[PDB]
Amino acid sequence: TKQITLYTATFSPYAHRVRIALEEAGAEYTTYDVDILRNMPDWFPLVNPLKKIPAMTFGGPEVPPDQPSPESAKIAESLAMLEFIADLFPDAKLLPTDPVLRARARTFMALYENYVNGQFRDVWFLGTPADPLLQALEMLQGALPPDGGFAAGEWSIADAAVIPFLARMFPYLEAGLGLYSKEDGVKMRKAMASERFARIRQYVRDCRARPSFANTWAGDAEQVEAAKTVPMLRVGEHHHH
């Protein structure tokens, strides 16, 4: 198989998505953990001109990750990477075969990206109000099959897309990480433990139980420590509405 190199960082939920999918695929791959606390290496724009993590190279000669080759394909954007891995490894069935079930997976990924993800970003990094995030999570939970299972029934890349963010939410809340107020932290912790969110808590447990999560997660406390190194999580800053 043509080589896969993923440029990643422990804190990054977008990178985590692609690590999960690569584990589920059974792929051979290399990871290279960047250090955002130091100057970005001058080679990094060769693998992602937008200066984003994850970055992915595919094919080309086998080279050290810090010496990327011009011959490798440079694949940008985590959701594009998820669909790429699903295309590369059809025997791993990272999407359903049925068109309608595949659409459920794609719909779930779009619902998350369009209505939930920006709320996580704004509540955590800007300290905007928590209620719209809780409303968007309740909407997303309503898209899950009610009786159990994953977004499209069997596990798929839709679950790789979403679990990195939901799995960080619980330990980040408990550690008090984020720019939201104390009041909104209390509200979120009570809501996420309440009966209204029992289905999404089961979904999180089901996704975390898979080896693809265990093998790509540093541990709750270690992930909290990695997130504390993120400059935009301006420590000691909180916003109040």
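From 1 onward, residues are counted along the sequence shown. In this text, rigid core is short for the largest set of C-alphas that superpose within 1.5 Å between two forms.
Taking 19-27 and 228-236 in turn, the stretch whose Cα atoms are more displaced from the shown form in 8 other deposited structures of this protein following rigid core superposition is 228-236. Between stretches 34-42 and 208-216, the one whose Cα atoms sit farther from the displayed model in 8 other deposited structures of this protein on average is 34-42 (core-aligned, root mean square). Higher mean CA B-factor, judged across 202-210 and 63-71 from the recorded values: 63-71. Two stretches are in play, 5-13 and 225-233, and the higher mean C-alpha B-factor belongs to 225-233.
Across the options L133, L140, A76, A92, the residue with the most elevated CA B-factor in the record is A92. The deposited CA B-factor of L144 belongs to the lowest third of values across its chain.
Looking at the C-alpha B-factors along this chain, the one for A25 belongs to the middle third. Ranked against the other modelled residues of its chain, the C-alpha B-factor of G185 as given in the entry falls in the middle third. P171: CA B factor in the highest third of modelled residues in this chain (values from the PDB entry). Among all modelled residues in its chain, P49 ranks in the highest third by Cα B-factor.
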